[PDB]
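Visitor: Model the structure of this input:
(chains A, B, C, D, E, F, G, H and I, ligands or ions: 1)
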Amino acid sequence: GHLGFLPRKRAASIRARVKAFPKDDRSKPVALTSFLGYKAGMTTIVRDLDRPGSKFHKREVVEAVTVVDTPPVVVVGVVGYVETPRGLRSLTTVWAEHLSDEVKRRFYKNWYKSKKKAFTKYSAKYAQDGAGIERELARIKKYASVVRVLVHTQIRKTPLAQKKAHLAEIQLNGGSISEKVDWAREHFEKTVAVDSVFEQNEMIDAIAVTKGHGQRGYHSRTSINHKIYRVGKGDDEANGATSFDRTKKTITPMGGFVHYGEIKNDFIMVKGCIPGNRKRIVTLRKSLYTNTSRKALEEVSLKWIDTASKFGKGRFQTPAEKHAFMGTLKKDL
Amino acid sequence: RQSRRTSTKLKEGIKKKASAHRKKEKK
Amino acid sequence: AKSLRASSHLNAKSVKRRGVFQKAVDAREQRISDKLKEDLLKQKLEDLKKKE
Amino acid sequence: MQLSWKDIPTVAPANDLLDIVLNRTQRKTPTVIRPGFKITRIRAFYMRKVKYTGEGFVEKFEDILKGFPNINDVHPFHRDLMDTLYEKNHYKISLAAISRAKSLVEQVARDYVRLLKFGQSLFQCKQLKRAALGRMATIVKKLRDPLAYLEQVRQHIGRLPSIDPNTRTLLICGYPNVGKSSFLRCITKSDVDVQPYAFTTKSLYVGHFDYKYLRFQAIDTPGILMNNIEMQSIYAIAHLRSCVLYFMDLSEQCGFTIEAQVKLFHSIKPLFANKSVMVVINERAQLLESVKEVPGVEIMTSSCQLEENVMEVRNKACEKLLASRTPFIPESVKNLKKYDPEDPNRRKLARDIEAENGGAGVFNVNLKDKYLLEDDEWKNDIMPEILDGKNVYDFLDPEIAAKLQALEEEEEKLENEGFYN
Amino acid sequence: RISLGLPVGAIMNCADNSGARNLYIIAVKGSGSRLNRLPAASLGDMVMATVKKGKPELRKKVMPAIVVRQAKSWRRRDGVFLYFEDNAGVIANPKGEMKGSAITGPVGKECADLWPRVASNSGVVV
Amino acid sequence: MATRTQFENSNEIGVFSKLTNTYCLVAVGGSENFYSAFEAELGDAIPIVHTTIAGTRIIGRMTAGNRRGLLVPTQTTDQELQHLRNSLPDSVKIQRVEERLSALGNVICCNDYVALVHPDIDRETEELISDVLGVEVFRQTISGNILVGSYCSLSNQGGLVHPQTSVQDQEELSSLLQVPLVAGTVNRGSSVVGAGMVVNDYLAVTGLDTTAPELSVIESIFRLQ
Amino acid sequence: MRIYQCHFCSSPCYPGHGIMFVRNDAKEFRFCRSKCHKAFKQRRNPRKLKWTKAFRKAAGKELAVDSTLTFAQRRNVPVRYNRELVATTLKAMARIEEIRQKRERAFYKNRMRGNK
RNA sequence: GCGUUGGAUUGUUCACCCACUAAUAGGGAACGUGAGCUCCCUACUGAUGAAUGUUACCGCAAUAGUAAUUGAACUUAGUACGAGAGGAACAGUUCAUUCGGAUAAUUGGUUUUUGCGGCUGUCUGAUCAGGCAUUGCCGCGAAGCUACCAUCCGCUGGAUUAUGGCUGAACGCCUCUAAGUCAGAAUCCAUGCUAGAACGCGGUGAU
RNA sequence: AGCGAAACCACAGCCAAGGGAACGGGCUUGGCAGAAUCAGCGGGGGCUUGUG
Ligand SMILES: [Zn+2]
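Guide: Numbering: from 1, shown residues only, chains lettered A, B, ... in the order given. Provided below are the atomic coordinates:
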């Protein structure tokens, strides 16, 4: 086997962590660098390949893509790390007062017995014009090279019963640290959209903990360069409808995904297969650099999204496709 | 890379080479 | 044959860097400054539903 | 084999050919043995080395003997062509000394290996290896005399023209600097030096051309007065199936007399009689017809400055070698001009359109704006293609709205009857 | 890429009117040196084949062959998976010129784009 | 008037293109030089059609046509059939034919007047060839060879077949087409000649290894100048 | 794309689904799943088995000939495309699907009579 | 750094030949893998684990390991080059080989939904109910076990060797070198990838 | 969950090199080493070179 993947041992968490972060462009205004979500099955996809110089130029091409449930995500804190001779050293993190039940729940292993007294005497540290709070912001604003944001999943929106929000650090590649903080100041408690991190037709890498078996498996793996096909939004009906097909249907197959629910909010559709399995948390980073290849230049024209039920077999797409073929039966009339 | 320790079998297998050079000169 | 760490593909994928996919990020960067900043304005509407 | 020799492996000058093979037995094979080994492993160590180098030189001379043509086996012309440039006997001994040497290095390997399996101690075992390579080397050291000559012949045969005796050949001959170099220069694209001295071109210059959709070649000869340069030109017409183009000059040029050209023709007559001679000229006028006594003769007065008369030579020579309801066309095709590649003001092709955008396998060949619609606004085609389990094309035809109205009338005639209760 | 189904030591049938009936596959041209496995051949691939049953003019000879029928379910980029009835192959010289004037039976789409004269010599394509 | 170009450095032009009096067919790929050669020769007078058939570059030896119509196989997809009517004028018709065989370029060797087809074809095809193209249809084989479009190239001026044709089949078949026949080669002594080159009334496009003795035969029978 | 009726089912076969077969007689044998495909190997008649439409179109369970069923002919002649001639097809196919189910629902009540 | 094949011979194998591929390099690790062949100790793969205010959440990174590989095709072209025969390459693209890491949307040995139809050995007073058959047989099947038998993915900066130089001594010329200095190998070292010191650290929540 | 042996036993058991004597296991010089324990494998016990 491969030597570099040693020790082949258990990951620390269900949530694998972003080892690297994208560099910096100081000319840009402030931008997030990554985003989190949950793996949700595999779907078949067809489109015409507008790749020049190709043996499959302009022809129809069929490929399996994974959909990842990515809800809008909420800031609860900002962090400042100083550069040291010894690397990096978070000198201060600072939070946002109005924390949700989901975030607080991350601070208790036993939520039921608890007196739920968590960010409380810290919330009374907030209760004034600022003073102590605005001090610790100025602390960061003075020193510290990289400014990272504390955020958590909106898991109540999720069709998962795990109920306990995941915390993940995501840094900021917007230039000047004065801007960095004065972007995190305004964006405390505010929910952050998925389409405001990634567009369609983009290369991204993904992180996830791998499908455990019986030691074998259950390692953190990062795959690199994967094209986002579709960014959909939960408020817009007909996600399955392309510019071609245009029949009103959701990307969710008839009766939800395999061991995963209805997709009642925003999602990402990524080329090929993300590591791990459905339910697992994945964090998507924006590829560290600019990989200008014709593999990355092409803007895709999706044709049709296979929304057949993968549980068992799928001969049809919508419930409207069952009774147009069957007609009408016993229990109906 | 080569070493710079003389192993004792050599360090004394030099003396027993040097002794052979003594009896060679006389004859 | 050339490696990934060879001098050929390193020079080739250095010239093309300043293409479209530095500006497509900037085109999306405004949507971060638009709808996400509209989330600041939408919650300011509900705060004016509470201040009334 | 064939008539072109260039694919000949290079011959190292003896001492170099040593340090190729006598070194090969040191990099490729094992090199270190302990004195406290089992004797059968020391025996085999050196047999592995002696027998490796034994094949080493043999392999090297297998490349040389098979890589050079055997002088007599080839062709009656080519046997002479190589004897005129090199000593044929010296060449044949250079085929035979290597052949004796090849069977000598095999003789060292078979003998010494048979002696080595009976070598008991290390010092017998090792010395017999050194003896093996010693006897091998001495064979190779004696070969410094032939292998330097075989190097000169490796380069000289390597640049030698590949002529074909069966193809439509035409020799260009005459005295040195008549105007034969000025002849081959314009008739065909082959660089021949025009320089006002004696032996300008020492070798055969070939000039390929085509006439009446058929393949011809013109071979230039050095020049005749016996010398080695002289003998190559003599055996050029003699062994090749060709018509001889002898050239003369009716002026003060060349340096040689016209009278010398007549005595040249009659003296070397024995060979070119059966070849059908063609003569072209670029007391004084009478002795030109003394050449006309020979059964095969022609005489033409020519000017080489103008291109017609020099071309008429080629036309006559080519004739010498050969003996021995209504259809529909659209009006818009005939009206438009033929394509001009160097034209500054013309319509642009895909080759030029896709080069302006960049590259070739980098611009996607756009199908749009190359097709004829009714209105050019919807040139950006959308098309639904599939509408719920049934594709659009299965229903898509013109005047289907009228066929819909035919089914719309069927609705009112089946509603009033009472199918829906 | 397409799936492999005609291994080393397979009895493919003849599809052209040269004289031969069947071809015995000894080695695959353009092969990967696998560990503890002999390489396999697919559609449109060139394979060294000796005639088992045919005519004395064709037999006793080692020659390359272009497979036109696979008979193991392969991938198409147009969604569907298909396979032929039986494993078969036509014989041709190193250039791509067909010895047989006409080809009986179907010829695969993946073989036809690759080889230009095979696309001309075919009776029924797909 | 006779041209010498290539596609994908392959001598078989007529496999990757089909040329008629009113239009031309071209496969889409990386190379545009193959399209450019026709673009130089023909211009913007008659259309040249960038298209695929069933999703293949092989196009000329899979379709048939002339001045009045165009034949396309059963394997033809909807969108490729769509773009073909998006390009071509009302003077040329287009029809898909439901078939056993796809190889239309191998079976139908046709000009504006006479069509040679396969003897094993169904009756519905022969009824549809004469209706759409406005031509006379004939079931005949050349020199024992069963695929006639592959081993023949045909236009209104002249017509070429492979060198293995008997003198009996040269003169009898020249009475069917009302024009003389020359049995010769294209692309340095190749048997497959209809696929080796494309020809109409005024233009003849051969592969780059077509020699001068071959080209002189082509200039003579197809009467270019 | 083209949605193909199955040889065994006559049920819609989507791209990526099912296995096609090509005979030495050479025509399309398109299947919706492996079940139908493995039944075809056993040389079973489609009209004999009951879960398909090949039986139901023949015996008299669902209507075989109708005005709405002829509209779904395998169309052949290519058309020039107009922005409004395909804008009507959207509302046309939605209208015909209503009638296709309703006259089948009318065929259902003419089948269910005899129980009363 | 990264790769190094398959077949007829074995009266003691002590010989070799055409088939492919980019190429089918030589050796060492002693009785290497003959305790894989004709209830003595511990390395290693992983797994918990007391302890340094408790408990928890976000981290950092000392160190250790490391990875991709080879070939063809389009344009550059039938251009340079050449008497012709022949015939490149950089730049720009598209796939494939093997390796490696993932993954199940399809394919497939699958299976104790022991899912449903059919038949049997055996019956119950007979239809029904299958009660049972060391897992009864057959048709097919989701869920799973799980595969080149499938699909996706597989990176850019420094510093160098050989070498080519620049200024330029020694040695009133010259010289890539001595003091300097520029470029440069699948190398090296980072970047990236894996793990996180259980006695390396930081920030923050709760009395 | 109960009942419950024996063989065996100077003493311990980390690498690297050196320790002259087919002797390294305690010594010399280094690398190192944190308590406690469970599951695998079939894992171990100045010689010479190229030209007689
Ligand atoms: Zn079916």
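Visitor: how many other residues sit next to the residue in chain E that the ion sits nearest to?
Guide: Minimum separation of chain E from the ion (Cβ to the ion) falls at residue E:80, amounting to 13.6 Å. From N, CA and C alone the C-beta is placed, and that goes for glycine too. One way to gauge burial is a neighbour count; for residue E:80, by other Cβ atoms under 10 Å in any protein chain shown, it gives 20.
Visitor: Quickly check: the helix or strand containing residue G:102 near chain F or not.
Guide: Taking DSSP states H and E as the criterion, the element that holds residue G:102 is helix G:89-112. No: contact of helix G:89-112 with chain F is not found when judged by Cβ under 8 Å from any Cβ of the partner chain; the minimum separation is 13.6 Å.
Visitor: Could I get the contacting residues of residue 10?
Guide: Because you didn't say which chain, this covers chain A. A:215, A:218-219 (Cβ atoms under 8 Å, 6 or more residues apart in numbering or on different chains).
Visitor: ah, no, chain E please
Guide: Listed by Cβ under 8 Å, 6+ apart, the contact partners of residue E:10 are E:24-25, E:41, E:87.
Visitor: What is the burial count for the residue lying closest to residue A:305 once chain neighbours are set aside?
Guide: Among residues not flanking residue A:305 along the chain, residue A:240 sits closest, at 4.5 Å (Cβ to Cβ, 6 or more residues apart in numbering or on different chains). Summarising burial for residue A:240: neighbours were counted as other Cβ under 10 Å, giving 23.
Visitor: Look up how far residue A:231 lies from residue A:240.
Guide: Summarising the geometry, the distance separating residue A:240 from residue A:231, computed by Cβ to Cβ, to the nearest Å, is 14 Å.
Visitor: And residue A:197, by the same measure?
Guide: The spacing between residue A:197 and residue A:231, counted by Cβ to Cβ, is 9 Å.
Visitor: which one of these two has more residues nearby?
Guide: Neighbour tally, residue A:197 and residue A:231, criterion other Cβ under 10 Å: the higher count belongs to residue A:197, 24 against 19.
Visitor: Show me what the longest helix along chain B is packed against.
Guide: Using DSSP state H to define each element, chain B has its longest helix at helix B:15-26. Taking 3 or more Cβ pairs under 8 Å, 6 or more residues apart in numbering or on different chains; DSSP states H and E as contact, there are no helices or strands that helix B:15-26 lies on.
Visitor: so how far is that helix from its chain's centroid?
Guide: Between the mean C-alpha location of helix B:15-26 and the chain-wide mean there is a distance of 9 Å, by Cα atoms, centre = their mean, to the nearest Å.
Visitor: next one: stretch C:29-36
Guide: The chain centre lies 9 Å from the centre of stretch C:29-36; the measure is Cα atoms, centre = their mean.
Visitor: what sits up against that stretch?
Guide: By Cβ under 8 Å, 6+ apart, stretch C:29-36 touches A:28-29, A:31-32, A:187, A:190, A:192-193, A:195-197.
Visitor: Recalculate using a threshold of 10 Å.
Guide: Applying Cβ atoms under 10 Å, 6 or more residues apart in numbering or on different chains, the external contacts of stretch C:29-36 come out as A:28-32, A:72, A:174, A:183, A:186-187, A:190-193, A:195-197, A:199, A:233, C:23, C:37, C:41-42.
Visitor: do the same with stretch D:188-203
Guide: Outside of stretch D:188-203, the residues within contact range by Cβ under 10 Å, 6+ apart are D:85, D:156, D:159-161, D:172, D:175-177, D:179-185, D:205-210, D:216-218, D:220-223, D:227-230, D:232, D:253-255, D:314.
Visitor: from the contacts of residue E:10, which would you call buried?
Guide: Using 16 or more other Cβ atoms under 10 Å in any protein chain shown as the burial test, those include E:25, E:41, E:87 as buried.
Visitor: With distance to chain C and secondary structure added, can I get those in CSV?
Guide: As requested, those are arranged in CSV below (distance: Cβ to the nearest Cβ, whole Å; DSSP: H, G, I helix; E, B strand; the rest coil):
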residue, distance to chain C, secondary structure
E:25, 30, strand
E:41, 25, strand
E:87, 34, coil
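Visitor: Thank you kindly, that will do.
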